[PDB]
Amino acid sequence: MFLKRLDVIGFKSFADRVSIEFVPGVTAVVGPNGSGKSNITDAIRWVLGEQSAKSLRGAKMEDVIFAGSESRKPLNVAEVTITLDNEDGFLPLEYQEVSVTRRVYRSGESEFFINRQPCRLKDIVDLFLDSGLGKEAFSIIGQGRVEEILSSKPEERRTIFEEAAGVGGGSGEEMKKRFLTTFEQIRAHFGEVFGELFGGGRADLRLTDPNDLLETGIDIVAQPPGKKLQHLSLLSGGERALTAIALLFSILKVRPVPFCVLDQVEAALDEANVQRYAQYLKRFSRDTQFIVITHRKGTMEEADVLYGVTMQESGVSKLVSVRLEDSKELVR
């Protein structure tokens, strides 16, 4: 398993140190509104090298430091440490176990380390630059954001595919071949994944400009069971979400990543679709490590470990391992 551990101290609602051990397969995170779950996903984005405070729902980076509660004073530093297993050599860093630590102080000062040795933010970025982590709409799906590829411009989608393809002269010719090759693989998987998730129907991808692989956009076409193909726009909230999930899974088949974070991607899905999704997720989890925030029983039942996050104390997150038989209040 690639993601071994996440240590969080003073980051947002986690005033006290929490240490999260991940398992192979599916790690599910559950809990009531406002407890600190999405904050964990932010901690992951941050330690991987996120440079935009707004991407972390803040205005300035100092907003990610625990700012206090009715029961506590604000802290003046936040620290996140992620521990990774690089036995295969997935990283351009020839250590067995890799750790990355990021800190920020209320002064605005920051510190970065790789395996305990001080480094630059750029070193952390460079370290993960081609790993696949932790890119939105690719390896980390934010809450509310599952439809982001669908809502993108066709031209925007080409760029996603290019990046998944590892993309002048006859090198340009080579770039064309790679893009098309990756595009054909993804397209092929997309049709199949769509069918499995919906229990039928079909989906496909199209080039908007077949004459120009540099400039073409990508159209998405999807036909749920029983329906006539119509504009993607006319599809329902749940149909659009499940189409987005099919496309995501397909991209991850073609361009694997060491772990994927999914923050309530199944919100729009009905009971039948969540079940198909959760079983697919479980199968997929053999290849790729998933960390999911979920409120759905169907997903929780497929989980290899469940962590409940709560805020008994005003403003402060607590994380414990929980059994499903008594998470019954956390079932949507």
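Numbering starts at 1 and follows the sequence shown.
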Gap size, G168 back to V167 (deposited sequence, no coordinates): 4 to 9
Comparing mean C-alpha B factor in the record for 84 to 92 and 179 to 187, the higher one is 84 to 92
Higher mean Cα B-factor in the deposited model: 70 to 78 or 168 to 176? 168 to 176
Out of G195, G226, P256, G238, whose C-alpha atom has the biggest B factor in the entry? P256
Where does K12 sit by CA temperature factor within its chain: lowest, middle or highest third? lowest
When the deposited Cα B-factors of this chain's modelled residues are ordered and cut into thirds, is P154 in the lowest, the middle or the highest one? highest
Third of the chain's Cα B-factor distribution that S55 belongs to, per the entry: middle
Compared with the other modelled residues in the chain, in which third is the CA B-factor of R286? highest
Record-listed C-alpha B factor of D219: chain third: middle
